[PDB]
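# Descriptive analysis of the structure
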Amino acid sequence: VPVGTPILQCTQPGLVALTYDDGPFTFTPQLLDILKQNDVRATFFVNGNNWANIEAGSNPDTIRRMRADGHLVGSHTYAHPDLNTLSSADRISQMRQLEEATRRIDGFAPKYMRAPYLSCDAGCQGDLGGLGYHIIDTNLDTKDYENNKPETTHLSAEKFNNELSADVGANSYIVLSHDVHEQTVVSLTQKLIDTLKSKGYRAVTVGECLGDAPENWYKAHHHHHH
Ligand SMILES: [Cl-]
Ligand SMILES: [Zn+2]
């Protein structure tokens, strides 16, 4: 799987990787329950301290359930800054801080990440590559953060349907949603699953989307010497 270079689609067609950024937060437990009931795995790009602290409250338990249920856990940086705007030392710190938290939680560090605001240019990419990260972008943005009211979430479900080509054999998608919005969880997610199966796609983690064995998704161990 490419390192230090933004990835937009799967390595095979007929696949959808549903992804969720900016958690974990209030609605994430319910989202895990919904995905389980659907037998669907997904991918979470998590922060360390953004809408909540990943080590506060039940969040450590939600992160542990993500892994237990087979969802891919990726980094979204610790504090959600625009990585372009930081010096290399500060970008390295944003990644390592999150890795230290996920190691405290469940003894892992992500090899997968997504840049806040999809903002990560060649300067940023070089550093992330030196850290051995896979950079995950999107080729289908639900705009769920804009369509986040009971009466407007259908616009995001429609956007998904519109963009999801009926031509299952020639296409695959990495889908951007944000589970920190209640409507993303209690309405949009079921519609995404329904719509993707109605067209013949299979939902997959980004790991499977890119042909990557789950044994490669994480650094299972800290190297004492770098
Ligand atoms: Cl290093
Ligand atoms: Zn974000």
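Residues numbered from 1 in each chain as written, not as in the entry; some residues may be left out. Chains lettered and ligands numbered in written order. Heavy atoms only, no water.

- With the PDB entry as reference, the protein is termed CHITIN DEACETYLASE, source organism Colletotrichum lindemuthianum.
- Check the Subunit section of the UniProt entry for the protein; it says "Monomer."
- According to its UniProt record, the protein has this under Sequence similarities: "Belongs to the polysaccharide deacetylase family." (UniProt positions renumbered as here; feature names shortened; annotations may be inferred.)

### Focus on the packing of helix α5 (residues 153–163) against helix α6 (residues 182–198)
- The N-to-C vectors of α5 and α6 enclose an angle of 25°; their axes lie 10 Å apart at closest approach. One way to sum up the angle between α5 and α6 is to call them roughly parallel. At the point where α5 passes α6, the crossing takes the right-handed sense. Two secondary-structure elements touch here, α5 through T153, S156, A157, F160 and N161 and α6 through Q183, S187, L188, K191, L192, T195 and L196.
- Residues of the contact of α5 with α6, tallied by class, amount to five nonpolar, six polar and one charged. (Axes fitted to C-alpha atoms, helices over the stretch in contact; angles between N-to-C directions. Helix = DSSP H or I, 4+ residues; strand = E, 2+ residues; numbered from the N terminus. Parallel < 35°, antiparallel > 145°, perpendicular 65-115°, else oblique. Left-handed = near helix turned anticlockwise from the far one by under 90°. Contact = heavy atoms within 4.5 Å. Nonpolar A, V, L, I, M, F, W, Y, C, P; charged D, E, K, R; others polar.)

### Description of the coordination of the zinc ion (ligand 2)
- Coordination of the zinc ion (ligand 2) by the protein is provided by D22 (OD), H76 (NE2) and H80 (NE2), with metal-donor distances spanning 2.0 to 2.2 Å.
- Counting gaps between the donor residues of the zinc ion (ligand 2) yields the pattern D-x53-H-x3-H. Of the two residues, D22 is situated in the loop between β1 (15–21) and α1 (28–38) and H80 in the loop between β3 (72–75) and α3 (88–106); the sequence distance between them amounts to 58 residues. Comparing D22 with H80, the two get one shared label, buried. (Donors = N, O, S within 2.8 Å, 3.2 Å for Na, K, Ca; no water. Buried < 20%, exposed > 50% of the residue type's maximum accessible area, 1.4 Å probe, protein only.)

### Structural notes on the UniProt feature "active site" in the protein
- Those places that UniProt annotates as "active site" correspond, in this numbering, to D21 and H178. Spatially, the listed residues are clustered: although they cover 158 residues, their C-alpha atoms lie within 4.5 Å of one another.
- Structurally, the position occupied by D21 is in strand β1.
- Look past the residues within four positions of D21 in its chain and what remains in contact with it is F45, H76, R114, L176, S177, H178, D179 and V180.
- Side-chain polar atoms of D21 contact the side chain of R114, separated by 2.8 Å.
- Position of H178 among the secondary structure elements: in the loop between β8 (173–177) and α6.
- Looking at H178, the relative accessible area reads 9%, which means it is buried. (Polar contact = N/O pair within 3.5 Å; in protein donor to acceptor, adjacent residues only side chain to side chain.)

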